[PDB]
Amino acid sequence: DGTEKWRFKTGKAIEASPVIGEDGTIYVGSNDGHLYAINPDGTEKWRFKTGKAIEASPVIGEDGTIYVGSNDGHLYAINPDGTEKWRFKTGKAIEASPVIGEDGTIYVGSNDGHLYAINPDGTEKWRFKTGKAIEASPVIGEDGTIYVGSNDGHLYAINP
């Protein structure tokens, strides 16, 4: 009927789409800097604070790890209980959601122009420089190709 079930208030605007875990938990980032874990009944499970606003949607690894990019420049890996697993610093704000390859590699674009491939342990695999800031989340093709849009006007097909 399109009627409200509940609402959860954050500190500032929510520009990022939520993501749902296997247990039904709804994770959503806000412009107040936090990644909120919301129970399906609208109550807060926990919150994780980053340096600045979170504009990008989080993605969930196969083991339950929640990866989210913050405007503070980091890609955060957060355990299912709300504790930080690791963080990877890029040059500028991360406005785009990460995406996970079939081998566990976490790909994310940064406003510093680079597409980053990050190992599941937080160490850098490689980086590729597009012309300008990357605001679009990358998408993986069936053969492993990583497609990423850049502010330089191009869509790049990157070998894995």
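Start at 1 with the first residue shown and count on from there.
- For the pair 125-133 and 45-53, the mean B factor over Cα atoms is greater in 45-53.
- In this crystal structure, the stretch out of 144-152 and 21-29 whose C-alpha atoms carry the higher mean B factor is 21-29.
- Annotation for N39: CA B-factor lies in the highest third of the chain's modelled residues.
- Compared with the other modelled residues of the chain, the Cα B-factor recorded for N119 ranks in the middle third.
- When the modelled residues of the chain are ordered by C-alpha B-factor, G109 sits in the lowest third.
- Per the deposited record, the Cα B-factor of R87 falls in the highest third when ranked against the other modelled residues of its chain.
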